[PDB]
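J.: Following this: a sequence and the matching experimental structure.
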Amino acid sequence: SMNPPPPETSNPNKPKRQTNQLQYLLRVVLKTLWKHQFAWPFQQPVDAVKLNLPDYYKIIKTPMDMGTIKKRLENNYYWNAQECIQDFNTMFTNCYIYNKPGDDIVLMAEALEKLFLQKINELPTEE
Ligand SMILES: COC(=O)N1CCS[C@H](c2cccs2)CC1
(Lines give C-alpha, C1' and ligand atoms only; values in the text may rest on other atoms or scores of the structure.)
Protein backbone atom coordinates (compact mmCIF):
# COMPACT_ATOMS: atom_id res chain seq x y z
CA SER A 1 0.00 0.00 0.00
CA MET A 2 1.11 3.60 -0.62
CA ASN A 3 0.00 7.03 0.54
CA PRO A 4 0.14 9.95 -1.92
CA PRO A 5 2.44 12.88 -1.26
CA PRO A 6 0.72 15.23 1.22
CA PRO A 7 -0.81 18.55 0.15
CA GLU A 8 1.80 21.25 -0.16
CA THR A 9 2.40 23.55 2.78
CA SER A 10 5.25 25.57 1.21
CA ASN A 11 5.53 27.23 -2.20
CA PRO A 12 7.88 30.20 -2.72
CA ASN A 13 6.18 30.88 -6.08
CA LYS A 14 2.87 31.56 -4.31
CA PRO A 15 2.14 35.13 -3.11
CA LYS A 16 1.38 35.33 0.60
CA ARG A 17 -0.34 37.63 3.10
CA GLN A 18 -0.89 37.91 6.85
CA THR A 19 -4.38 39.39 7.27
CA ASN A 20 -6.45 39.87 10.42
CA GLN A 21 -8.89 37.23 9.14
CA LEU A 22 -6.08 34.71 8.63
CA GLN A 23 -4.76 35.45 12.13
CA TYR A 24 -8.25 34.69 13.46
CA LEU A 25 -8.36 31.45 11.47
CA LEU A 26 -5.21 30.33 13.31
CA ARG A 27 -5.68 31.83 16.78
CA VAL A 28 -9.42 31.09 17.12
CA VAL A 29 -10.64 28.62 14.51
CA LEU A 30 -7.77 26.16 14.17
CA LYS A 31 -6.90 26.31 17.86
CA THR A 32 -10.50 25.58 18.91
CA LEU A 33 -10.81 22.56 16.66
CA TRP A 34 -7.28 21.28 17.32
CA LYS A 35 -7.76 20.98 21.09
CA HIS A 36 -11.10 19.16 20.82
CA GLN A 37 -11.40 15.55 22.02
CA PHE A 38 -12.42 14.54 18.48
CA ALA A 39 -9.56 16.31 16.67
CA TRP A 40 -7.13 13.38 16.52
CA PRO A 41 -8.24 11.68 13.24
CA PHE A 42 -8.01 15.08 11.50
CA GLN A 43 -4.63 16.25 12.84
CA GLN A 44 -2.61 14.72 9.96
CA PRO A 45 -3.24 13.36 6.45
CA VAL A 46 -5.27 10.15 6.34
CA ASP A 47 -2.72 7.33 6.53
CA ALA A 48 -4.31 4.75 4.26
CA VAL A 49 -1.52 2.26 4.93
CA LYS A 50 -1.71 2.32 8.73
CA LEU A 51 -5.53 2.38 8.72
CA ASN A 52 -5.82 -0.34 6.03
CA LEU A 53 -7.94 1.81 3.69
CA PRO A 54 -6.54 0.92 0.26
CA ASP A 55 -9.46 2.64 -1.50
CA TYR A 56 -9.23 5.95 0.40
CA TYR A 57 -7.17 7.81 -2.20
CA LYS A 58 -9.05 6.12 -5.01
CA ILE A 59 -12.17 7.93 -3.71
CA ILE A 60 -10.70 11.13 -2.23
CA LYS A 61 -8.76 13.14 -4.84
CA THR A 62 -8.51 16.45 -2.94
CA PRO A 63 -7.29 15.37 0.51
CA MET A 64 -7.13 17.87 3.34
CA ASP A 65 -6.52 17.73 7.08
CA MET A 66 -5.90 20.06 10.00
CA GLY A 67 -2.20 19.23 10.18
CA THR A 68 -1.86 20.62 6.67
CA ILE A 69 -4.05 23.63 7.53
CA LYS A 70 -2.02 24.30 10.69
CA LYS A 71 1.22 24.27 8.69
CA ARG A 72 -0.29 26.48 5.99
CA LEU A 73 -1.41 29.04 8.58
CA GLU A 74 1.84 28.96 10.58
CA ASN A 75 3.95 29.25 7.41
CA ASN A 76 1.76 32.00 5.88
CA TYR A 77 0.84 29.95 2.83
CA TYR A 78 -2.47 31.70 2.11
CA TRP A 79 -3.37 34.95 0.37
CA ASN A 80 -6.88 35.17 1.82
CA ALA A 81 -9.23 33.70 4.39
CA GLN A 82 -11.45 32.05 1.77
CA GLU A 83 -8.60 29.72 0.74
CA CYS A 84 -8.30 28.51 4.34
CA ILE A 85 -12.06 28.23 4.85
CA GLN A 86 -12.19 26.15 1.67
CA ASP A 87 -9.53 23.83 3.11
CA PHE A 88 -11.61 23.22 6.25
CA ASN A 89 -14.70 22.56 4.13
CA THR A 90 -12.76 20.16 1.90
CA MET A 91 -11.66 18.26 5.01
CA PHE A 92 -15.23 17.89 6.25
CA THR A 93 -16.66 17.03 2.83
CA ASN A 94 -14.05 14.32 2.27
CA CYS A 95 -15.01 12.72 5.57
CA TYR A 96 -18.72 12.70 4.72
CA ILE A 97 -18.02 11.34 1.21
CA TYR A 98 -15.74 8.49 2.23
CA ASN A 99 -17.54 7.38 5.40
CA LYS A 100 -21.11 6.29 6.19
CA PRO A 101 -23.80 8.32 7.99
CA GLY A 102 -23.66 7.69 11.72
CA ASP A 103 -20.09 6.35 11.70
CA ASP A 104 -18.03 7.52 14.67
CA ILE A 105 -15.77 9.55 12.37
CA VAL A 106 -18.82 11.34 10.90
CA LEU A 107 -20.09 12.24 14.38
CA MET A 108 -16.61 13.57 15.14
CA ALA A 109 -16.54 15.67 11.96
CA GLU A 110 -20.03 17.00 12.75
CA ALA A 111 -18.96 18.17 16.21
CA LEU A 112 -15.86 19.90 14.80
CA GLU A 113 -17.88 21.41 11.95
CA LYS A 114 -20.41 22.85 14.41
CA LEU A 115 -17.60 24.69 16.20
CA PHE A 116 -16.09 25.73 12.88
CA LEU A 117 -19.39 27.29 11.82
CA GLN A 118 -19.77 29.06 15.18
CA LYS A 119 -16.31 30.61 14.87
CA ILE A 120 -16.54 31.50 11.17
CA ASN A 121 -19.83 33.26 11.85
CA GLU A 122 -17.78 35.88 13.74
CA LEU A 123 -14.92 36.16 11.26
CA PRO A 124 -13.72 39.77 11.70
CA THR A 125 -14.14 42.32 8.95
CA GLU A 126 -10.94 42.79 6.96
CA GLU A 127 -8.62 45.57 8.15
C1 LIG B 1 -10.80 11.86 8.74
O2 LIG B 1 -10.37 10.53 8.71
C3 LIG B 1 -11.07 9.68 7.86
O4 LIG B 1 -12.02 10.04 7.22
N5 LIG B 1 -10.58 8.33 7.80
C6 LIG B 1 -11.32 7.42 6.94
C7 LIG B 1 -11.94 6.25 7.70
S8 LIG B 1 -12.50 6.72 9.36
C9 LIG B 1 -11.01 6.74 10.44
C10 LIG B 1 -11.42 6.75 11.92
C11 LIG B 1 -12.68 6.24 12.39
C12 LIG B 1 -12.75 6.42 13.90
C13 LIG B 1 -11.55 7.04 14.37
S14 LIG B 1 -10.52 7.33 13.15
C15 LIG B 1 -10.00 7.89 10.20
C16 LIG B 1 -9.52 8.01 8.74
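T.: Here it is on my side, so go on. Numbers count the residues shown, from 1 in each chain.

J.: near the ligand, which residues of the protein?
T.: 41-42, 46, 51, 53, 95, 98-99, 104-105 (C-beta under 6 Å from any ligand atom). All C-beta spots, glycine's among them, are computed from the backbone N, C-alpha and C.

J.: List buried residues within these.
T.: 41-42, 46, 53, 95, 98 (16 or more other C-beta atoms under 10 Å).

J.: Go through those and say which is closest to residue 83.
T.: residue 42 (18.2 Å; C-beta to C-beta).

J.: residues contacting the closest residue to that closest one other than its chain neighbours?
T.: In space, and not counting its chain neighbours, residue 42 is closest to residue 66: 4.7 Å by C-beta to C-beta, 6 or more residues apart in numbering. By C-beta atoms under 8 Å, 6 or more residues apart in numbering, the residues touching residue 66 are 30, 33-34, 39, 42-43, 91.

J.: can you name the two of those that are farthest apart?
T.: 34 and 91, at 12.4 Å, using C-beta to C-beta across the contacts of residue 66.

J.: between these two, who's got more neighbours?
T.: Per other C-beta atoms under 10 Å, whichever of residue 34 and residue 91 has more neighbours is residue 91, with 23 against 17.

J.: wait, the more buried one sits on residue 67?
T.: No: when contacts are counted by C-beta atoms under 8 Å, residue 91 is not listed as touching residue 67 (10.2 Å).

J.: what does stretch 73-80 rub up against?
T.: Residues outside stretch 73-80 that contact it (C-beta under 8 Å, 6+ apart): 8-11, 14-19, 21-22, 25-26, 30, 71-72, 84.

J.: Which positions within that stretch qualify as buried?
T.: 73, 77-78.
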